[PDB]
Every structure is written in C-alpha cells, then in structure tokens.
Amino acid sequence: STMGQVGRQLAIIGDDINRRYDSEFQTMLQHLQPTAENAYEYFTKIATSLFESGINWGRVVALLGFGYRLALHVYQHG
C-alpha cells in the first residue's frame, strides 16, 4: 500500500534529518548556554533572525525541531 510505503520513506527521511543536523543542534546549544530564565528570549530572537531571510516549511520545521531540543536541553539541566 502506498500509505505504508510513504510512511517508511518518511521514516528514512526523518532519520536522515536526525543524523545530518543533531550534532549541529548540539553545538548551537553549547554556544548559546540557555537557561530556563533566558530560553524564551533566546528562542524568539533566534526565530526572528531565522525568518529575516524568508520562510518555507523547511525553516519552520527546523525551528520547531531546534526548539524542542532547546527545551529538552534546559529541562535535563536547569
């Protein structure tokens, strides 16, 4: 069925995205040193800088992915 085939290709695309960019997200978080106190400020300034050069679905979902990593990073620390 095309549904299962599409799901399986999305899985490989997802894992490709994970592998390609997760270490880059790690490094960005290292440089940012976010805290619970500054996470919202940082996320909105990052988004502002991102969208200053345009918007497409790729940029939106990259921001959401990074924002989830940012929240989780702050959670697991402080």
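We number the residues from 1 along the sequence you see. Think of the rigid core as the biggest set of C-alphas that the two forms share within 1.5 Å after superposition.
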Given a rigid core fit, name the stretch, 38-46 or 23-31, whose C-alphas are on average farther from the form shown here in 7 other deposited structures of this protein. 23-31
C-alpha RMS from this form in 7 other deposited structures of this protein, rigid core superposed: larger for 5-13 or 66-74? 5-13
Mean C-alpha B-factor comparison - 5-13 and 63-71, higher one: 5-13
Mean Cα B-factor check, 49-57 vs 31-39, entry values; winner is 31-39
